[PDB]
file structure.txt (compact mmCIF, C-alpha atoms)
# COMPACT_ATOMS: atom_id res chain seq x y z
CA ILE A 1 -68.45 -7.33 14.85
CA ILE A 2 -66.28 -6.51 17.94
CA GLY A 3 -65.87 -10.15 19.10
CA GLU A 4 -66.88 -13.81 18.71
CA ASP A 5 -66.58 -16.57 21.37
CA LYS A 6 -67.65 -20.27 21.53
CA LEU A 7 -69.31 -22.20 24.36
CA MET A 8 -69.11 -26.00 23.92
CA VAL A 9 -72.37 -27.59 25.19
CA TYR A 10 -72.25 -31.33 25.87
CA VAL A 11 -75.63 -33.07 26.50
CA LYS A 12 -75.10 -36.61 27.82
CA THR A 13 -76.74 -40.63 30.99
CA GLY A 14 -77.33 -42.03 34.52
CA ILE A 15 -76.14 -41.67 38.17
CA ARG A 16 -73.34 -42.75 40.57
CA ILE A 17 -72.45 -42.03 44.22
CA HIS A 18 -69.36 -39.84 44.90
CA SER A 19 -67.26 -39.24 48.05
CA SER A 20 -63.51 -38.51 48.43
CA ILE A 21 -63.45 -40.97 51.43
CA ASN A 22 -65.02 -44.45 52.02
CA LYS A 23 -63.66 -45.15 55.56
CA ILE A 24 -65.22 -43.57 58.70
CA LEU A 25 -64.33 -44.02 62.43
CA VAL A 26 -67.12 -44.85 64.92
CA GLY A 27 -68.47 -41.35 65.86
CA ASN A 28 -67.14 -39.65 62.65
CA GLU A 29 -69.13 -38.67 59.50
CA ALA A 30 -68.67 -38.30 55.73
CA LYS A 31 -70.85 -36.20 53.30
CA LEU A 32 -71.88 -38.21 50.18
CA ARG A 33 -73.15 -36.78 46.86
CA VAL A 34 -74.58 -37.96 43.53
CA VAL A 35 -72.64 -37.30 40.32
CA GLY A 36 -73.69 -38.31 36.77
CA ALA A 37 -72.33 -41.43 35.02
CA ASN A 38 -70.45 -39.36 32.35
CA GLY A 39 -69.30 -36.81 35.02
CA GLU A 40 -72.36 -34.45 35.32
CA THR A 41 -71.86 -32.44 38.59
CA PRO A 42 -74.64 -31.10 40.91
CA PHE A 43 -73.74 -27.60 39.56
CA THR A 44 -75.41 -28.31 36.16
CA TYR A 45 -78.10 -30.96 36.99
CA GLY A 46 -78.75 -30.21 40.71
CA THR A 47 -81.21 -27.34 39.93
CA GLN B 1 -44.82 -31.88 27.51
CA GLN B 2 -43.73 -34.41 30.19
CA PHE B 3 -40.69 -33.74 32.39
CA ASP B 4 -37.81 -36.30 32.14
CA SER B 5 -37.44 -38.74 35.13
CA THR B 6 -34.05 -37.10 35.96
CA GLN B 7 -35.91 -33.82 36.88
CA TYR B 8 -38.30 -35.51 39.45
CA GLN B 9 -35.43 -35.41 42.04
CA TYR B 10 -36.14 -31.60 42.20
CA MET B 11 -39.89 -32.08 42.99
CA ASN B 12 -41.84 -32.29 46.28
CA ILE B 13 -44.13 -35.33 45.56
CA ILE B 14 -47.04 -35.88 48.02
CA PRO B 15 -49.41 -38.91 47.56
CA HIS B 16 -52.99 -38.88 48.96
CA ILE B 17 -55.18 -41.90 50.00
CA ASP B 18 -58.53 -42.18 51.93
CA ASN B 19 -58.27 -45.83 53.20
CA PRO B 20 -54.58 -46.87 53.85
CA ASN B 21 -55.80 -49.94 55.85
CA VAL B 22 -57.11 -51.64 52.63
CA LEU B 23 -54.41 -50.32 50.23
CA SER B 24 -50.92 -49.36 51.48
CA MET B 25 -48.20 -47.34 49.62
CA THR B 26 -44.38 -46.95 49.63
CA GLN B 27 -42.04 -44.92 47.34
CA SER B 28 -39.50 -46.95 45.28
CA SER B 29 -35.76 -46.51 44.47
CA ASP B 30 -37.03 -44.23 41.63
CA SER B 31 -38.68 -40.98 42.88
CA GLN B 32 -41.17 -41.21 39.94
CA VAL B 33 -42.43 -44.73 40.97
CA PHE B 34 -44.43 -45.93 44.02
CA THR B 35 -45.24 -49.51 45.18
CA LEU B 36 -48.85 -50.19 46.29
CA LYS B 37 -49.97 -53.27 48.31
CA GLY B 38 -53.45 -54.72 49.06
CA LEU B 39 -54.01 -55.70 52.73
CA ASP B 40 -57.77 -56.59 53.07
CA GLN B 41 -60.94 -56.60 50.85
CA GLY B 42 -62.28 -53.13 49.86
CA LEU B 43 -62.03 -50.01 47.65
CA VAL B 44 -59.71 -46.96 47.98
CA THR B 45 -59.49 -43.45 46.40
CA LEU B 46 -56.01 -42.22 45.34
CA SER B 47 -54.33 -39.02 43.99
CA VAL B 48 -50.87 -37.34 43.91
CA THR B 49 -49.85 -33.68 44.36
CA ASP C 1 -73.07 -54.01 36.23
CA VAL C 2 -74.25 -57.61 36.31
CA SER C 3 -76.62 -58.41 33.39
CA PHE C 4 -78.32 -61.67 32.34
CA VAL C 5 -79.23 -63.32 28.96
CA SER C 6 -81.31 -66.52 28.42
CA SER C 7 -80.72 -68.85 25.40
CA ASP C 8 -84.53 -69.27 25.01
CA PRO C 9 -86.73 -66.70 26.89
CA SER C 10 -89.70 -68.99 25.96
CA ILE C 11 -88.27 -71.93 28.05
CA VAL C 12 -86.76 -69.71 30.83
CA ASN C 13 -87.49 -65.95 31.04
CA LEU C 14 -86.04 -63.12 33.24
CA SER C 15 -88.51 -61.12 35.47
CA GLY C 16 -87.24 -57.72 34.23
CA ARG C 17 -86.97 -55.23 31.29
CA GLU C 18 -83.32 -54.11 31.62
CA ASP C 19 -82.27 -57.53 33.08
CA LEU C 20 -79.93 -56.63 35.96
CA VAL C 21 -82.20 -58.44 38.53
CA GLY C 22 -81.06 -62.10 38.17
CA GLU C 23 -84.66 -63.34 38.91
CA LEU C 24 -86.00 -65.99 36.46
CA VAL C 25 -89.22 -67.91 35.60
CA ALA C 26 -89.53 -71.41 34.04
CA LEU C 27 -92.17 -71.38 31.22
CA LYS C 28 -91.82 -74.80 29.40
CA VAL C 29 -90.24 -78.25 29.79
CA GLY C 30 -86.76 -77.88 28.22
CA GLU C 31 -83.08 -76.92 28.72
CA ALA C 32 -81.48 -73.43 28.60
CA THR C 33 -78.28 -71.47 29.38
CA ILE C 34 -78.46 -68.16 31.27
CA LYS C 35 -75.26 -66.17 30.64
CA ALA C 36 -74.39 -63.62 33.34
CA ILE C 37 -71.93 -60.77 32.45
CA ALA C 38 -70.08 -58.53 34.94
CA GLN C 39 -69.00 -55.13 33.48
CA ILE C 40 -67.27 -51.91 34.75
CA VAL C 41 -68.12 -48.42 33.38
CA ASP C 42 -65.04 -46.24 32.68
CA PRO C 43 -65.78 -42.93 34.60
CA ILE C 44 -63.46 -40.91 32.23
CA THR C 45 -64.63 -42.22 28.76
CA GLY C 46 -68.06 -43.88 29.50
CA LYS C 47 -66.72 -47.17 27.94
CA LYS C 48 -68.23 -50.39 29.36
CA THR C 49 -65.58 -53.14 29.84

call {"tool": "encode", "arguments": {"input": "structure.txt", "output": "structure tokens"}}
result
Amino acid sequence: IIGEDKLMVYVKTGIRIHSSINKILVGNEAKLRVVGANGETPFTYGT
Amino acid sequence: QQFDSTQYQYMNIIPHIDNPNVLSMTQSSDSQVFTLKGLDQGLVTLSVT
Amino acid sequence: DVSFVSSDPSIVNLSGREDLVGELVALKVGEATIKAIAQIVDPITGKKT
């Protein structure tokens, strides 16, 4: 053996909306996303 | 480990809010403490740098 | 969440499965309580409160 290392895999529920803003001016936009209800980001479920 | 309140006078503290029209903020007479106030019905996202 | 619970589903039932809908159906002559419960999910621990 020349090394050992340890990935923690969590397997976990449902969905929520996410945005860093919830106000918009007339004529402005905001990009919304889904995130999981534990915290599951589109990086790991979005595929 | 937390810093002691007496060291926060050395820090550049910057609060961040999305909707200040629903929830307002001021800093208090302690640099470590801020006073929030609700102004109208809604929901607001908050952080501090 | 808002979720609903009948004291006798055989006098008054909910038109669901997972019973978030608040729609109900009267099945017999009788008297019943429907308890509604409002609950927040903690987004950091998953705890319902």

call {"tool": "residues_around", "arguments": {"input": "structure.txt", "residues": "residue 40 in chain B", "least_positions_apart": "5", "cutoff": "9 Å", "atoms": "all atoms listed in the file", "output": "CSV table (one decimal) with C-alpha atoms, in the coordinates of the input"}}
result
chain,number,residue,atom,x,y,z
B,21,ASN,CA,-55.8,-49.9,55.8
B,22,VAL,CA,-57.1,-51.6,52.6
B,23,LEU,CA,-54.4,-50.3,50.2

call {"tool": "residues_around", "arguments": {"input": "structure.txt", "residues": "range 4-12 of chain C", "least_positions_apart": "4", "cutoff": "9 Å", "atoms": "all atoms listed in the file", "output": "NGL selection string"}}
result
:C and (19-22 or 24-37)

call {"tool": "atom_distance", "arguments": {"input": "structure.txt", "atom1": "CA of residue 17 in chain A", "atom2": "CA of residue 30 in chain A"}}
result
12.7 Å

call {"tool": "interface_residues", "arguments": {"input": "structure.txt", "of": "chain B", "to": "chain A", "cutoff": "12 Å", "atoms": "only C-alpha atoms", "output": "VMD selection string"}}
result
chain B and resid 16 to 23 42 to 47

call {"tool": "atom_distance", "arguments": {"input": "structure.txt", "atom1": "CA of residue 8 in chain A", "atom2": "CA of residue 43 in chain A"}}
result
16.4 Å

call {"tool": "closest_atom_pairs", "arguments": {"input": "structure.txt", "of": "chain C", "to": "chain A", "cutoff": "12 Å", "atoms": "all atoms listed in the file", "output": "tab-separated table"}}
result
residue	atom	partner	partner_atom	distance
C:40	CA	A:37	CA	11.6
C:41	CA	A:37	CA	8.3
C:42	CA	A:38	CA	8.8
C:43	CA	A:38	CA	6.3
C:44	CA	A:38	CA	7.2
C:45	CA	A:38	CA	7.4
C:46	CA	A:38	CA	5.9
C:47	CA	A:38	CA	9.7
C:48	CA	A:37	CA	11.4

call {"tool": "atom_distance", "arguments": {"input": "structure.txt", "atom1": "CA of residue 41 in chain A", "atom2": "CA of residue 14 in chain B"}}
result
26.8 Å

call {"tool": "residues_around", "arguments": {"input": "structure.txt", "residues": "range 27-38 of chain B", "least_positions_apart": "6", "cutoff": "7 Å", "atoms": "all atoms listed in the file", "output": "number ranges by chain"}}
result
B: 5, 8-9
